[PDB]
file coords_5.pdb (PDB, C-alpha atoms)
MODEL        1
ATOM      1  CA  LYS A   6     -10.024 -30.608 -36.300
ATOM      2  CA  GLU A   7     -13.422 -32.287 -35.943
ATOM      3  CA  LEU A   8     -13.844 -36.017 -36.618
ATOM      4  CA  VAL A   9     -17.009 -37.755 -37.820
ATOM      5  CA  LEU A  10     -17.958 -41.404 -38.058
ATOM      6  CA  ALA A  11     -19.431 -42.719 -41.311
ATOM      7  CA  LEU A  12     -22.763 -44.371 -40.417
ATOM      8  CA  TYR A  13     -23.249 -45.897 -43.879
ATOM      9  CA  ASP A  14     -21.336 -46.535 -47.080
ATOM     10  CA  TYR A  15     -21.746 -43.671 -49.505
ATOM     11  CA  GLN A  16     -20.647 -43.818 -53.132
ATOM     12  CA  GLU A  17     -20.116 -40.408 -54.728
ATOM     13  CA  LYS A  18     -22.734 -39.446 -57.351
ATOM     14  CA  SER A  19     -21.298 -36.135 -58.512
ATOM     15  CA  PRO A  20     -17.857 -34.525 -59.040
ATOM     16  CA  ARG A  21     -17.863 -32.593 -55.731
ATOM     17  CA  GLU A  22     -18.757 -35.730 -53.690
ATOM     18  CA  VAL A  23     -16.527 -38.380 -52.084
ATOM     19  CA  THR A  24     -16.956 -42.046 -51.278
ATOM     20  CA  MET A  25     -16.786 -43.461 -47.747
ATOM     21  CA  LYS A  26     -17.332 -46.818 -46.067
ATOM     22  CA  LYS A  27     -19.433 -47.403 -42.974
ATOM     23  CA  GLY A  28     -17.083 -47.240 -39.996
ATOM     24  CA  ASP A  29     -14.691 -44.746 -41.615
ATOM     25  CA  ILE A  30     -13.312 -41.938 -39.445
ATOM     26  CA  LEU A  31     -13.383 -38.771 -41.553
ATOM     27  CA  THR A  32     -11.877 -35.354 -40.893
ATOM     28  CA  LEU A  33     -14.673 -32.776 -41.111
ATOM     29  CA  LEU A  34     -13.740 -29.730 -43.205
ATOM     30  CA  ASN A  35     -17.001 -27.807 -43.476
ATOM     31  CA  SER A  36     -20.384 -28.321 -41.851
ATOM     32  CA  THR A  37     -22.021 -24.980 -42.679
ATOM     33  CA  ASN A  38     -24.565 -26.709 -44.938
ATOM     34  CA  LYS A  39     -27.271 -28.724 -43.157
ATOM     35  CA  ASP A  40     -27.597 -31.356 -45.937
ATOM     36  CA  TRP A  41     -24.017 -31.845 -47.235
ATOM     37  CA  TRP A  42     -20.760 -31.770 -45.273
ATOM     38  CA  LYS A  43     -17.267 -31.467 -46.662
ATOM     39  CA  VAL A  44     -15.027 -34.214 -45.337
ATOM     40  CA  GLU A  45     -11.598 -35.712 -45.875
ATOM     41  CA  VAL A  46     -11.592 -39.462 -46.626
ATOM     42  CA  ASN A  47      -8.016 -40.762 -46.671
ATOM     43  CA  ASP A  48      -6.393 -38.710 -49.475
ATOM     44  CA  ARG A  49      -9.579 -37.205 -50.901
ATOM     45  CA  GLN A  50     -11.935 -34.332 -49.987
ATOM     46  CA  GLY A  51     -15.555 -33.603 -50.889
ATOM     47  CA  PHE A  52     -19.206 -33.732 -49.848
ATOM     48  CA  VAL A  53     -21.174 -36.561 -48.269
ATOM     49  CA  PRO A  54     -24.726 -36.286 -46.847
ATOM     50  CA  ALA A  55     -24.675 -34.803 -43.339
ATOM     51  CA  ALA A  56     -27.234 -37.456 -42.221
ATOM     52  CA  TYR A  57     -24.786 -40.274 -43.054
ATOM     53  CA  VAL A  58     -22.052 -39.183 -40.610
ATOM     54  CA  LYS A  59     -22.013 -38.527 -36.876
ATOM     55  CA  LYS A  60     -19.822 -35.905 -35.137
ATOM     56  CA  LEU A  61     -17.428 -37.537 -32.672
ATOM     57  CA  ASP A  62     -17.554 -35.726 -29.328
TER      58      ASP A  62
ENDMDL
END
call {"tool": "encode", "arguments": {"input": "coords_5.pdb", "output": "structure tokens"}}
result
Amino acid sequence: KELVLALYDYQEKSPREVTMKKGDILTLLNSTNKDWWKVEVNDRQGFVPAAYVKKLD
């Protein structure tokens, strides 16, 4: 799939969100929304702000 790099820590603030640490390599599940992307962080899935991750090309 697609991988993204976490640019900052992000602590989930809502049920559909997930937490990540700066430096994390996340599997990107859905990037159809411009503000919130669905990612896999270890054994969890949910939304983090699109601005806080960077697609790995």
call {"tool": "resolve_selection", "arguments": {"input": "coords_5.pdb", "expression": "the PyMOL selection byres ((chain A and resi 14) around 6)", "output": "JSON, numbers by chain"}}
result
{"A": [13, 15, 25, 26, 27]}
call {"tool": "axis_aligned_box", "arguments": {"input": "coords_5.pdb", "around": "region 46-54 of chain A", "padding_each_side": "6 Å", "output": "lines of an AutoDock Vina configuration file"}}
result
center_x = -15.6
center_y = -37.2
center_z = -48.8
size_x = 30.3
size_y = 19.2
size_z = 16.3
call {"tool": "atom_distance", "arguments": {"input": "coords_5.pdb", "atom1": "CA of residue 56 (chain A)", "atom2": "CA of residue 21 (chain A)"}}
result
17.1 Å
call {"tool": "atom_distance", "arguments": {"input": "coords_5.pdb", "atom1": "CA of residue 62 (chain A)", "atom2": "CA of residue 16 (chain A)"}}
result
25.3 Å
call {"tool": "closest_residue", "arguments": {"input": "coords_5.pdb", "among": "A:19, A:7, A:50, A:24", "to": "residue 36 (chain A)", "atoms": "only C-alpha atoms"}}
result
A:7
call {"tool": "residues_near_point", "arguments": {"input": "coords_5.pdb", "point": "(-17.1, -42.6, -39.1)", "cutoff": "10 Å", "atoms": "only C-alpha atoms", "output": "PyMOL selection string"}}
result
chain A and resi 8-14+25-32+46+57-61
call {"tool": "closest_residue", "arguments": {"input": "coords_5.pdb", "among": "A:39, A:34, A:22, A:6", "to": "residue 53 (chain A)", "atoms": "only C-alpha atoms"}}
result
A:22
call {"tool": "build_atoms", "arguments": {"input": "coords_5.pdb", "residues": "region 28-49 of chain A", "atoms": "N, CA, C and O atoms", "output": "short mmCIF file (atom, residue, chain, number, x, y, z; two decimals), keeping the file's coordinate frame"}}
result
data_model
loop_
_atom_site.label_atom_id
_atom_site.label_comp_id
_atom_site.auth_asym_id
_atom_site.auth_seq_id
_atom_site.Cartn_x
_atom_site.Cartn_y
_atom_site.Cartn_z
N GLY A 28 -18.16 -46.98 -40.94
CA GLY A 28 -17.08 -47.24 -40.00
C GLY A 28 -15.89 -46.32 -40.18
O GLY A 28 -15.07 -46.17 -39.27
N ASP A 29 -15.77 -45.70 -41.36
CA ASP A 29 -14.69 -44.75 -41.62
C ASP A 29 -14.70 -43.57 -40.64
O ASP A 29 -15.77 -43.06 -40.27
N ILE A 30 -13.50 -43.14 -40.26
CA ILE A 30 -13.31 -41.94 -39.44
C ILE A 30 -12.80 -40.83 -40.36
O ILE A 30 -11.68 -40.90 -40.87
N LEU A 31 -13.65 -39.82 -40.58
CA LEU A 31 -13.38 -38.77 -41.55
C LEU A 31 -13.05 -37.48 -40.83
O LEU A 31 -13.61 -37.20 -39.77
N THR A 32 -12.13 -36.70 -41.39
CA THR A 32 -11.88 -35.35 -40.89
C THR A 32 -12.94 -34.44 -41.51
O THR A 32 -13.15 -34.46 -42.73
N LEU A 33 -13.61 -33.66 -40.66
CA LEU A 33 -14.67 -32.78 -41.11
C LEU A 33 -14.09 -31.40 -41.45
O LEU A 33 -13.45 -30.76 -40.62
N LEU A 34 -14.32 -30.97 -42.69
CA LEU A 34 -13.74 -29.73 -43.20
C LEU A 34 -14.74 -28.57 -43.13
O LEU A 34 -14.38 -27.44 -42.80
N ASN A 35 -16.00 -28.86 -43.44
CA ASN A 35 -17.00 -27.81 -43.48
C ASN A 35 -18.39 -28.37 -43.24
O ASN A 35 -18.86 -29.26 -43.97
N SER A 36 -19.05 -27.85 -42.21
CA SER A 36 -20.38 -28.32 -41.85
C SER A 36 -21.39 -27.18 -41.83
O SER A 36 -22.36 -27.23 -41.08
N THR A 37 -21.14 -26.15 -42.63
CA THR A 37 -22.02 -24.98 -42.68
C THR A 37 -23.35 -25.27 -43.38
O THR A 37 -24.35 -24.59 -43.15
N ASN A 38 -23.34 -26.27 -44.26
CA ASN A 38 -24.56 -26.71 -44.94
C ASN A 38 -25.27 -27.81 -44.14
O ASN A 38 -24.62 -28.76 -43.68
N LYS A 39 -26.58 -27.72 -43.98
CA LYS A 39 -27.27 -28.72 -43.16
C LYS A 39 -27.43 -30.09 -43.86
O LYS A 39 -27.55 -31.12 -43.18
N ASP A 40 -27.41 -30.10 -45.19
CA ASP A 40 -27.60 -31.36 -45.94
C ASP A 40 -26.31 -32.08 -46.38
O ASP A 40 -26.29 -33.32 -46.45
N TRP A 41 -25.27 -31.32 -46.67
CA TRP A 41 -24.02 -31.84 -47.24
C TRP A 41 -22.81 -31.30 -46.49
O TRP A 41 -22.63 -30.09 -46.39
N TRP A 42 -21.97 -32.20 -45.95
CA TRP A 42 -20.76 -31.77 -45.27
C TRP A 42 -19.52 -32.12 -46.07
O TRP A 42 -19.46 -33.16 -46.74
N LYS A 43 -18.52 -31.24 -45.98
CA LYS A 43 -17.27 -31.47 -46.66
C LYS A 43 -16.32 -32.21 -45.72
O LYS A 43 -16.04 -31.77 -44.60
N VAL A 44 -15.85 -33.37 -46.18
CA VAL A 44 -15.03 -34.21 -45.34
C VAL A 44 -13.78 -34.64 -46.08
O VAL A 44 -13.70 -34.54 -47.31
N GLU A 45 -12.80 -35.11 -45.31
CA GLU A 45 -11.60 -35.71 -45.88
C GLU A 45 -11.64 -37.22 -45.63
O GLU A 45 -11.74 -37.66 -44.48
N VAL A 46 -11.61 -38.00 -46.71
CA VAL A 46 -11.59 -39.46 -46.63
C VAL A 46 -10.27 -39.94 -47.20
O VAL A 46 -10.02 -39.79 -48.41
N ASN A 47 -9.42 -40.51 -46.34
CA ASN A 47 -8.02 -40.76 -46.67
C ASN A 47 -7.34 -39.58 -47.40
O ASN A 47 -7.05 -38.54 -46.78
N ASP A 48 -7.11 -39.73 -48.71
CA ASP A 48 -6.39 -38.71 -49.48
C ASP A 48 -7.32 -37.96 -50.42
O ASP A 48 -6.87 -37.42 -51.44
N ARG A 49 -8.60 -37.94 -50.09
CA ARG A 49 -9.58 -37.20 -50.90
C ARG A 49 -10.46 -36.31 -50.03
O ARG A 49 -10.64 -36.59 -48.84
#
